> 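After the structure tokens below, expect a handful of questions from me.
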Amino acid sequence: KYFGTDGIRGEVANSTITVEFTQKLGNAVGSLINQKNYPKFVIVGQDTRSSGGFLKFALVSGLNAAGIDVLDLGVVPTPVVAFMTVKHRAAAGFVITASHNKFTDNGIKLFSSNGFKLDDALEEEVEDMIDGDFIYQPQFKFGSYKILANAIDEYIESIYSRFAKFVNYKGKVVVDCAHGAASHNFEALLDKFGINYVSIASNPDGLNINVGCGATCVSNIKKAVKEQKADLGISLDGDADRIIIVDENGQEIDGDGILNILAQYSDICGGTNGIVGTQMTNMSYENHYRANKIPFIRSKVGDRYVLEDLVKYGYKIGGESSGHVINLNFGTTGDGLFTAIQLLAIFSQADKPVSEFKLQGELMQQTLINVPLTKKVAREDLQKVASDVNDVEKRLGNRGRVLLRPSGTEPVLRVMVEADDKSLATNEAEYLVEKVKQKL
Amino acid sequence: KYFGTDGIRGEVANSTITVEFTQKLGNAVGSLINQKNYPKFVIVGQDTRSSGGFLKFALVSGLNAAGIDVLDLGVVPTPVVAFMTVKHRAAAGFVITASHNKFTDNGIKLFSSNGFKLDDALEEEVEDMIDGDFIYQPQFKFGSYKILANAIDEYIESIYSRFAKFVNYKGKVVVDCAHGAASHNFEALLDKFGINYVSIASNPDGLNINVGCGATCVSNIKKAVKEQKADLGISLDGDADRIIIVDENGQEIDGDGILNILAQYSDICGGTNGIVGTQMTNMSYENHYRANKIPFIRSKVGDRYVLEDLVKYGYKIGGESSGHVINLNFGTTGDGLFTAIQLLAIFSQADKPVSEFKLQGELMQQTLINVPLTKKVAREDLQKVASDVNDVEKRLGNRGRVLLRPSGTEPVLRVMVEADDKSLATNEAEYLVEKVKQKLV
Ligand SMILES: [Zn+2]
Ligand SMILES: [Zn+2]
């Protein structure tokens, strides 16, 4: 199995990310395209990792052999490849990236012609092909390779034409691009809006992606904002599908907080009948949505579930804690750059600091206790402690909740309780911990 | 073993020329470059085959993985890749081409940093490396890939600076680029000198390279010259390292004939102390060189032997009947474009037509007879008939010669006699055939 959690990603030459697997993957996707009679044309992009190039050309040789043409966008954020894949009539889109992962990793993200990340069924169809034989286009109609000049232009202009009328931001912004795909691309977008910004990590050398910077190292942007006495800090990850921001006091606002702000200005964000979050979304937001009559859905936690739930309910704006924010009014995937622009459009509506747009009042605190077991789990074993979870939640009322999740890969039950009162979160967590030992 | 008679060439997929092999080859050479502490930089080019693109990218992924940068010149003649390899400080040059082979074949030609085709010893190193494991640059220092814009300009300008003043050709030329790597390129070079020409095969579509055209199909240019009433015909093969020309009558002048012309104007060609030919060189040319006191050497049949003999004797101009012509005053390999301009520089010297540059008189004729045997023919087998070969040649004097050859590792002996008199060539070949049948197997 090649996909699974994350989906094709590992250390270079110490994983599945070898030059031979990637060549075979390219060919396999090409064979599926030929089989399905889709356009013999795909789009490729990459982040800043030095291994990206050779892995890309490996993919390309596989594709070309299959008879598929490749248009190279070079170094662009993940959302740009999806964008061009939908805009133009490509059969699929590839991104050579390991996203937020350490610089020694890499992988491939796959998008279908509709611009969406491959689904469970499509991934297994690809894998069946990979384990098949390498196939050469039977009529010798082999594919070409072209590099698109000024590749980011279309995406930039698409975003500008939609938000130029709203954006009027005059504050000082610190931008952390993780030395990743958003390097330079993000600044070119910002210039288009005449934004006063400062870059702190837009100098890729092929080995510094996500190193002590970007969305997964929010400490960097928080210190820079304080240092620079900035009004806002925007931090993106390696492929820029993840965004985290900080306010004027260097206070972090995560994917949950960001989604809450967009929700509050959903008209400017294109409109939405509801908001999709996850099992991890802070209840302070759930309470806020209910108080303002905004439908809220907790998705089955991460990897493509937020998208499937958005489509299921006809909602447009959804996101997760890590910073993956999706707006179906414009994109088909998490987009840090596009979310940044929405935010800047929002911050232009009121003459108040960024911290005043943020959900007011202290967010709920969490207590997590990993209960070590010696035996496996299951669903019927989770139903033995259901009555005790309900008791806790009944007594917590609107001031807290319970989340029980198994590890699946190890005999461990993670018991979490989040509440307004941390003293109380830790109390009820310890209570549940004891009940599971008695019941299991 | 991967280097063969043609040196890494074969049917696409259905051979050793797969995406995986090409990927291991790219890397392999990368490792050798790292091992030898050479510049981590190589030049890449290709012919018009549609299969060249994907094979190239396979190669490149392997090179990059090894830590090697790649400068891609796109579709250009083989000699161009060597020019750029030598001019710039690259460690090697790659050509994705199967040369004159049918459109269904492909392959890779390799040049060292000195711009010469890899020798036997260097080939072995590669083969030993390939059989290694696939090696990733240990410090995560992976290669880049860049496409050079207007890739052929330096080549064209170099040939132009040299010949601009030699060349003043006013005749009508027909060019056959074999729908190959010279398509458009050769026209661009010919434009530099204001040549009056007509193109008949510079419309590549990835499947028509060498199809009923180019150096391996001289009929195309012969017929074109007649209908066009042209003064000259120039035909190149798929990667343009061969050249065959045609005079105003549609009469073919092959590599032997071209080399003889360069010999007569060796000074305008940079100079040369002697000429290197092959075992196939028509003895009429050999008699001609001897008559004009030009040292002549017969090389051991093509396969990089002409260049090895050029270097050894310190000569500059050599070639073979196929049309591979080498001038060490400028290039390091066979180049049909440069040879073309050299000829037009020569044809600018006299107010006579192309047919009058040829060796005047009838060339000798040949009779080839194959003799099937039980085993491949070794030198001990050729010694058994040495006395009969000597007898025939002794009686032929200057009017002919013998050439006996094995068929590589095939169980066949090739008996050839070259003579002024065709009847006699057939007679003597038949005689030797009978001697072989009596003495061998
Ligand atoms: Zn990411
Ligand atoms: Zn050739």
Side-chain angles (χ1 to χ4, degrees), chain A residues 26 39-50 52-57 59-61 63-64 68-97 109 111 115 142-162 177 180-193 202-204 206 239-240 331 335 337-338, chain B residues 43-46 52-54 56-57 60-61 64 69-76 84 143-154 184-185 188 206:
Chain A
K40 286 170 161 55
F41 177 65
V42 299
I43 289 167
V44 69
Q46 66 167 127
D47 61 24
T48 56
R49 309 168 190 261
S50 56
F54 79 82
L55 286 171
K56 171 170 70 188
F57 295 111
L59 186 81
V60 169
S61 70
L63 292 159
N64 291 352
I68 316 302
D69 294 343
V70 172
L71 182 64
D72 202 347
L73 309 180
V75 169
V76 293
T78 287
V80 178
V81 172
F83 168 86
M84 297 288 284
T85 301
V86 179
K87 191 173 190 293
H88 301 101
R89 301 181 294 275
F94 297 82
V95 194
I96 317 293
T97 188
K109 295 202 182 172
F111 300 108
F142 303 103
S144 60
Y145 166 90
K146 297 179 186 178
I147 300 181
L148 181 63
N150 304 136
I152 201 79
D153 286 5
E154 290 180 46
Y155 174 89
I156 295 295
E157 253 287 337
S158 182
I159 295 183
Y160 184 69
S161 69
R162 206 176 90 145
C177 293
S183 289
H184 314 303
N185 298 130
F186 192 37
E187 291 85 345
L189 177 56
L190 288 169
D191 282 333
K192 189 73 177 171
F193 292 96
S202 294
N203 197 28
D239 68 342
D335 187 339
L337 291 81
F338 185 75
Chain B
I43 305 292
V44 172
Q46 58 160 115
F54 79 78
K56 178 175 72 188
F57 295 117
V60 161
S61 66
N64 290 359
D69 292 338
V70 167
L71 186 62
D72 190 6
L73 314 171
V75 176
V76 291
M84 298 291 283
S144 57
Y145 165 92
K146 293 180 177 193
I147 290 173
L148 182 71
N150 307 134
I152 205 175
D153 286 5
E154 298 180 60
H184 311 298
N185 297 137

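Chain naming here is simple, since letters A, B, ... match the order of the sequence lines and numbering starts at 1 in each. The basis for the numbers below is simple: all heavy atoms, side chains too, and nothing from hydrogens, waters or symmetry mates.
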> Closest approach of A:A91 and A:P39, non-hydrogen atoms and distance?
CB-O, 3.2 Å
> Pairing donors with acceptors under 3.5 angstrom, does anything connect the side chains of B:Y145 and B:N64?
no
> Within a strict 4.5 Å, meaning less than it, do heavy atoms of the A:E187 and A:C177 side chains meet?
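Touching, per the 4.5 Å side-chain cut-off.
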> Can you confirm whether A:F111 sits close enough to A:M84 that some side-chain heavy atom of one is under 4.5 Å from a side-chain heavy atom of the other?
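A:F111 does not reach A:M84 side chain to side chain.
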> Rounded to the nearest 0.5 Å, what's the gap from CD1 on A:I156 to CG on A:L189? Could you check?
4.0 Å
> Roughly how far apart are A:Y155 OH and A:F83 CZ, rounded to 0.5 Å?
8.5 Å
> So B:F57 and A:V70, do their side chains get closer than 4.5 Å, heavy atoms only?
no
> Just verifying a value: how many Å separate B:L73 CG and B:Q46 CD, rounded to the nearest 0.5 Å?
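Result: 10.0 Å between the selected atoms.
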> Measure across A:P204 and A:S202 and return the closest heavy-atom pair with its distance rounded to 0.1 Å.
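Of all heavy-atom pairs spanning A:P204 and A:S202, the closest is CD-C, 3.5 Å.
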> What closest approach, in Å, do A:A181 and A:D47 show between heavy atoms, and which atom pair accounts for it?
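For A:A181 versus A:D47, the nearest heavy atoms are CB-CA, 3.8 Å.
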> What distance do A:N185 atom CG and A:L190 atom CG have between them, rounded to the nearest 0.5 Å?
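Taking CG in A:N185 and CG in A:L190, the distance rounds to 11.0 Å.
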> Which atoms form the tightest heavy-atom contact between A:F338 and A:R162, and what is the distance?
CZ-NH2, 3.1 Å
> Within the structure provided, determine whether B:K56 and B:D72 are in side-chain contact (heavy-atom separation under 4.5 Å).
yes
> CD of B:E154 to CG of B:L148: how many Å apart, nearest 0.5 Å?
6.5 Å
> Can you measure from CD1 (A:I68) to CG (A:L59) and round to the nearest 0.5 angstrom?
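The distance works out to 11.5 Å.
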> Report yes or no: does B:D69 contribute a side-chain atom to a donor-acceptor pair with the main-chain N or O of B:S144 at less than 3.5 Å?
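Looks like yes, one N/O pair under 3.5 Å.
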> Identify the heavy atoms of A:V76 and A:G45 that sit nearest to each other, and give their distance.
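Between these two residues, the closest heavy atoms are CG2-CA, 4.3 Å.
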> Quick check against the 3.5 Å criterion: does A:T85 have a side-chain atom that pairs as donor or acceptor with the backbone of A:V81?
yes
> Measuring only between side-chain heavy atoms, which start at C-beta, is A:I152 closer than 4.5 Å to A:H184?
no
> Which pair of heavy atoms, one from A:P77 and one from A:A240, lies closest together, and at what distance?
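Looks like CB-CB, 3.8 Å.
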